[PDB]
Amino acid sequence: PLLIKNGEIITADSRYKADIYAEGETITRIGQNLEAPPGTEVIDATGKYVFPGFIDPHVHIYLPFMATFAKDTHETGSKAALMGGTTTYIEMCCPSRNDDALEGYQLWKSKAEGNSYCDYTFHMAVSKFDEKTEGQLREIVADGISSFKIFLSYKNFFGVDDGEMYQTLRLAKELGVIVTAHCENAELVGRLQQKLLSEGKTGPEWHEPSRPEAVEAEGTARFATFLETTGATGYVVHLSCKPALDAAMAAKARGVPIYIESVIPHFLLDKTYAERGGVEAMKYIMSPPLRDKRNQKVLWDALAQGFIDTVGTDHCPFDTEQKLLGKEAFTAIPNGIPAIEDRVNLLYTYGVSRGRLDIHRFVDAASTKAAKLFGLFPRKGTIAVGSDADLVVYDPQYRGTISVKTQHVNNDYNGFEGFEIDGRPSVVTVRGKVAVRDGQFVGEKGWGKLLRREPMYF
């Protein structure tokens, strides 16, 4: 049994002081001065906030990509997540066009079993479409995976054409599945990459120009048009700039059931980081690229007003050594930045503590909204009787800086090296069991379970 007392509870739509008692894995009751049976583990949350466990709807743990593999394992990844306050993560299951989808799903699925410290689930990538695949997708959905993922980029590896996208969306609508999508243009990026390389422009500073804002805007609008035409519900992952936001907003305004996600690096980093040259710049190469800083205000304002629904990380860790695989051509630099451990602290600091982000909008954008969209709610995403006891006792008096020297991500650099944070998790629990106590990791291996969802977007 667990009892968290004297803490100020804050959810997306409530704020109060009371005690939380969890007999087992779920919250049993809430009230003031609760009496917990003897033996109950008591946590004193005096002077601290008690938030629902945070949820990252977009991470990469196991990933064979751009000639190599992402650095975290479900073990190191889930641990880093917990240290950061994230108690549930949704990983992108990404088998390529040449892989068997069902086999890919089972591979990712088995790599996670007994290896995760916190709960998780997947987004099933659809990198090709045919009779064989349709049958396997029906099976994967039936196993509890209620979300797909398509890419409008990465030609021949992940990208699907209009015909495949259309079929994926019709199937999704039939199964009540929500489709997440990476929006760019596979053809344009490929052509622009070749053009720049043939011109001798090989440095990391040509990554952004090879896939400008106009391309993300085109893909975002195309995706919205297919959703509107098929009747399927969609979700745009890591939207990074105004032109794309305008396209997604226009779709929302005319009634298209589409949702928007932005990832932490696009709120705090900008294109100049990728113009520093050398391995230093390679550390900030991702897709969509970091943009002109003028976009940060746009994203922050949109987040405050709820135009942007969720905030994820698109966590994709690589070692500087791996980044150097593209010292000859920027097209060979493995795309990705690590952030699964810093999302919450960064969002809280620069959004709530030093920004205009309302604290309730913060909880909604970093936990509740994602739980709702992907069928994890009310099990996850909030604090209420019946919900899983995934809690985060947050300390707002803490002051420090982020550094690779103190991170738990299995790679050699931190994207936010030196950034200050005005808070951090003091205690983190997973289904009633303490995983982090006073900055000390005390999690239990294999405690995390796979969360199965029910389709709801017909």
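Residue indices: 1-based, along the sequence shown.
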Check the entry's C-alpha temperature factors for 277-285 and 167-175, then say which stretch has the higher mean.
277-285
Quick check: 7-15 versus 435-443, which has the larger average CA B-factor in the record?
435-443
Residue selected from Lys252, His182, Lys327, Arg291 by maximal Cα B factor
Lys327
Among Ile55, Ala389, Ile61, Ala67, single out the one with the highest C-alpha B factor in the record, please.
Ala67
Compare the C-alpha B factor of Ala112 with those of the other modelled residues in its chain, then answer lowest, middle or highest third.
highest
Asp301: C-alpha B-factor third of its chain, per the entry, is the lowest
On the chain's distribution of Cα B-factors, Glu75 falls within the third called highest
Lowest, middle or highest third: where is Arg356 by Cα B-factor in its chain?
highest
Sorting the chain's modelled residues by C-alpha B-factor and splitting them into thirds places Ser96 in the middle
